[PDB]
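A.B. asks: opening with a subset of the complex:
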Amino acid sequence: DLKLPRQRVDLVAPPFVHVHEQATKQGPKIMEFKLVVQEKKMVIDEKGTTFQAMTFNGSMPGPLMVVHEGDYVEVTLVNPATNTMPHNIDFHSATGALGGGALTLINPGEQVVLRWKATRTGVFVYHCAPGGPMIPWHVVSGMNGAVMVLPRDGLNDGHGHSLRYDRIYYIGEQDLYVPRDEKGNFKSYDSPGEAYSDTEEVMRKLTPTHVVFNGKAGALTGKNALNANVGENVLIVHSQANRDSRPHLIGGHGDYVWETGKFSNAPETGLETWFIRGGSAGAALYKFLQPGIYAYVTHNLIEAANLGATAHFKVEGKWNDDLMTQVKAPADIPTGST
Amino acid sequence: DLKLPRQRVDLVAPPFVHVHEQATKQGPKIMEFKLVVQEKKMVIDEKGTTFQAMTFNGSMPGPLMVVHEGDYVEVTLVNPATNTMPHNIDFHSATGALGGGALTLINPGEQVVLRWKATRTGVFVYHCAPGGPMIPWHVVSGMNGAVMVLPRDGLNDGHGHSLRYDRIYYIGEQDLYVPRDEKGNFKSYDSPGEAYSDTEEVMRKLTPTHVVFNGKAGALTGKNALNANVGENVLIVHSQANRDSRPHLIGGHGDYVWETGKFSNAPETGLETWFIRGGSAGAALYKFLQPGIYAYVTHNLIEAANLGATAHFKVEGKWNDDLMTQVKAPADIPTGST
């Protein structure tokens, strides 16, 4: 019935994003994506703590999918027979049937194909939602990602001016609830099923043990820092499927921020810290002006520094002493000061 | 002194709203409302847990009051002699005297009449506020509702276009703090006074035991699902007097959202999830496009699924396969897949 060109997209692992155009003169296409569920034990902190994760495509978050307004998105969801649980997928970008969750429930050994029309622009969460208490459990076990639906003309500033990004990163933030024994040590389990009852008890107290970007504390630091150059406009897409976050680029700003994540609304300008509502994605554009290390955090600094929620950008270029300078290096306080 | 027509309004129990006009060519009236305080034990979850509630008009939330900008709102507050505590009322919509709290303190056996002018448009919280630690205790015991002050021309989209709703629902969200015994079982008390000291201890840790819509887990599910039809524009008013919430319509969107709840500000368009600040009301307009079950949740999914914060909409109509379709039902993964 639906007679449009089909285009297969190969997803890549976050924080990177598959190749796509910003502005396009192409008409609506059927964009084909495949997501494979993988249940697996993963390391989530720098002391080696593990937990029974559940993922789309082996990563937390799941990959970012990028399409344009008016496209049709055809998603094959695969639940391999090595998994132990039923899974599904709900797209906040889609209309009807609980975002598709009601049409995509699959047992291990099955697959399903859903098609939804991208009628609403913005960044949106997708997540597993099998039903009842399984919904939060699957989500906080890692089964969430995001989709970006761009306007066909690309981004604009809400006042008639085009905005173009040179680079795009997807930072998925995950709240985790890892059970502890009586001495406070983290517990380990041989399967998701075995972890469930203890995990639910932690979840009920609503306080995460870990808050991570890209699936583990320190994932986007050190040699996995994100790269940029002075003068580049970088789009940072941030999602949180379950709990609020307050992104902040230390030493920078959000030049243009869609904190509710929807491109039909004009962005706010010059933010210090923005706010991602749990269950949503947002996006921030920033043009780097200074080289050096930047920390991207949630500005609950306890979460950022002590629970895992810090990423680094490494920015190449020349220092601008007009914007900031050390006038006098650390020196002894003058004895003749009051 | 004030010589305007008087109009008695009969309130109805949430989630329904008393009859009112959107746009009106009537001039300012004195709109007369009565609220009766009722202290009573109520069931708040599906396992039958009870707690010592305190309510306006026997319901959590208290009823929605609807007036127009420039109206005068004359509220009779009654505290029957069967109650045990003093109560009052503070309207976030009103100006002066702590929103009226300073003028409405009444002992059991008394009543009081307050008049305030509706100078500010939007949805607003009202709540009991007797003084000091009694303020949070009364509010989280259920003594809160909302008032909507419409512009005389009804809603608009902030760009010169009228917005009209076909239906309106009021969803009051309540955080509850129910004491537990040493084994974790919920405790029961013979009066609010007896529950106070144990309840305060839970409140101090800032983590609710339950988060409910319309006063109990499952209140707006099953046979009390909210009804709509494909093509209808539905206004959902959401209040939270004490704690933030992040409403989300699963399978839908917020077409027009006033998340801060004030109609002098243009709405945001096409939201996935919005944000109600604790101590505020907000409103979202959505035109249903697909039939079926929709879950309305706070998108902390732990709260939604495990603490009680899920409502259902049942929407009648015909399915639109253009917007979403199952291309291939669950089937075995092809043996010839990689």
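C.D. replies: Alright, I've got the coordinates. Numbers count the residues shown, from 1 in each chain, chains lettered A, B, ... in the order given.

A.B. asks: all helices of the stretch 101-250 of chain A, in order?
C.D. replies: For the stretch 101-250 of chain A, applying DSSP state H, counting those that start in this stretch gives helices covering A:134-140, A:192-204.

A.B. asks: could you dump these into CSV with distance to residue A:281 added?
C.D. replies: C-beta here means a position set from N, CA and C on the backbone, and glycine is covered the same way. Shown next, in CSV, are the helices of the stretch 101-250 of chain A (distance: least, CB to CB, whole Å):
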stretch, distance to residue A:281
helix A:134-140, 14
helix A:192-204, 22
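
A.B. asks: nearest to chain B, out of those?
C.D. replies: helix A:134-140 (3.9 Å; CB to the nearest CB).

A.B. asks: got the CA positions of that closest one in CSV?
C.D. replies: Only the C-alpha atoms of helix A:134-140 are listed here, as CSV (Å, rounded to 0.1, in the frame of the first residue of the first chain):
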residue,chain,number,x,y,z
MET,A,134,8.2,-4.7,34.2
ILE,A,135,8.1,-1.2,32.7
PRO,A,136,10.4,0.6,35.1
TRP,A,137,12.6,-2.5,35.7
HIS,A,138,13.4,-2.9,31.9
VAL,A,139,14.0,0.9,31.6
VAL,A,140,16.3,1.2,34.5
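
A.B. asks: and it, how far from the chain's centre?
C.D. replies: 16 Å (CA atoms, centre = their mean, to the nearest Å).

A.B. asks: who does the closest residue to residue A:299 other than its chain neighbours bridge with?
C.D. replies: Distances taken as CB to CB, 6 or more residues apart in numbering or on different chains put residue A:248 closest to residue A:299, at 4.1 Å, once the chain neighbours are dropped. In this entry, residue A:248 is beta-bridged to residue A:273, residue A:297, by DSSP bridges.

A.B. asks: touching, residue A:248 and residue A:272? I think so.
C.D. replies: Yes - using CB atoms under 8 Å, residue A:248 makes contact with residue A:272 at a distance of 6.6 Å.

A.B. asks: ok, now chain C:
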Amino acid sequence: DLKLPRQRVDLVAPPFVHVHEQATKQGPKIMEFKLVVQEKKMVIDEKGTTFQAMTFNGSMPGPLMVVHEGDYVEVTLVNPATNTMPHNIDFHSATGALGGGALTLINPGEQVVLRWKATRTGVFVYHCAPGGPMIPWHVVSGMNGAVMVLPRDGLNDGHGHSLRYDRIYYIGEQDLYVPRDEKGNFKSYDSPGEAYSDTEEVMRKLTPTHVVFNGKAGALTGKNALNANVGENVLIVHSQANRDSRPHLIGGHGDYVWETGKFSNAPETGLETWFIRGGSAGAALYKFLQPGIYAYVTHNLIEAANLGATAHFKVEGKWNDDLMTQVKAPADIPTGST
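C.D. replies: Next up, chain C placed on what we already have:
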């Protein structure tokens, strides 16, 4: 190299703000500020609980600094040899080097001079950020304040109209994490270093023991209530360096609110409650219409009433019975009522 006039500013203790112009026809200046770190035991609640604070200039919050867009801000940071720890300063208003943190680390006995250009308008947080887990610890120990960068033409309503305030107050909100012994009593320590390990354990559970304005429960109540007059436009700057807040003026409104705190964005109008993201400052303008006591709170009323987060305004003037009146004082319920 930089050849502009220099102007020394003398800071004052919050909630007051040093003298400054709103609109200015002066050109860019180098505005010189000095901040001295002071570690000291402080009382933070009405029962006399103490904690090992760390402050800029002896106060929580640190003082508000006010400059205009295009000014250069030259800050001398002094760490006296009586302190025990290294400190630094990061300005969310500044660009590069982690907001200046990377250029300002000083040991006890040292001082440093940083210059940054005020390129972005709004209110912004500044805070200590020495590195790693020390970042949250220093911030929640009190080392945070705010800077306001005004447009040269002063505030506007985003629709071409000037806004001018008659008075300005800075309300810094601080989440504190005070260790308890096994009976629940607060612990005391002889130094910040000794408190660290127990404090970190409380911080990890993300629930404050106290939430205060101006450094202690009741700081801005009683005789330290903030003064205003009917008809005065008052600007309230509110900062929270680590945790979200939801300001509300009980009996009032926010006439014009920049909840994200950035003056390049038009304010929202007529808010009941607004939202300060942790890691940010915001500002609200209100013109008092009624005399009397107003409570300024975070509208988590548990925090407001039971954890310390309430300030008072005392407003002088004449009561306006048109806006609000008690039509009938408390009286016995008529025996002939149903």
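
A.B. asks: repeat for the nearest residue to residue A:299, accounting for chain C.
C.D. replies: In space, residue A:299 is closest to residue C:279, 2.5 Å off (CB to CB, 6+ apart).

A.B. asks: from one end of stretch A:119-139 to the other, what's the distance?
C.D. replies: 25 Å (CA to CA, to the nearest Å).

A.B. asks: please apply the same query to stretch A:242-260.
C.D. replies: Note: stretch A:242-260 ends 15 Å apart using CA to CA.

A.B. asks: re the thing from before, so what's the residue count around the residue nearest to residue A:299?
C.D. replies: When neighbours are defined as other CB atoms under 10 Å in any protein chain shown, residue C:279 has 31 of them.

A.B. asks: tell me who's in contact with it.
C.D. replies: Contacts for residue C:279 (CB atoms under 8 Å, 6 or more residues apart in numbering or on different chains) come out as A:246, A:248, A:272, A:273, A:299, A:300, A:301, C:92, C:125, C:240, C:241, C:242.

A.B. asks: quick check: phi and psi on the residue in the stretch 51-200 of chain A positioned nearest to chain B?
C.D. replies: Chain B sits closest to residue A:96 of the stretch 51-200 of chain A, with a gap of 3.3 Å, by CB to the nearest CB. Backbone torsions for residue A:96, taken as degrees, to the nearest 10, come to phi 100, psi 160.

A.B. asks: do residue A:40 as well
C.D. replies: Torsion angles, degrees, to the nearest 10, at residue A:40: phi -170, psi 150.

A.B. asks: across the sheet, point out what pairs with it.
C.D. replies: residue A:53.

A.B. asks: does it touch residue A:53 like I think?
C.D. replies: Yes - using CB under 8 Å, residue A:40 is in contact with residue A:53, at 5.9 Å.

A.B. asks: for those two, indicate the residue with more neighbours.
C.D. replies: residue A:53 (22 against 14).

A.B. asks: what about residue A:37, which helix or strand?
C.D. replies: strand A:30-43 (DSSP states H and E).

A.B. asks: using JSON lines, please lay out the contacts of residue C:279 together with neighbour count.
C.D. replies: JSON lines is the format used below for the contacts of residue C:279 (neighbours: other CB atoms under 10 Å in any protein chain shown):
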{"residue": "A:246", "neighbour count": "23"}
{"residue": "A:248", "neighbour count": "29"}
{"residue": "A:272", "neighbour count": "27"}
{"residue": "A:273", "neighbour count": "28"}
{"residue": "A:299", "neighbour count": "29"}
{"residue": "A:300", "neighbour count": "26"}
{"residue": "A:301", "neighbour count": "28"}
{"residue": "C:92", "neighbour count": "31"}
{"residue": "C:125", "neighbour count": "31"}
{"residue": "C:240", "neighbour count": "29"}
{"residue": "C:241", "neighbour count": "33"}
{"residue": "C:242", "neighbour count": "26"}
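
A.B. asks: alright, that wraps it up for me.
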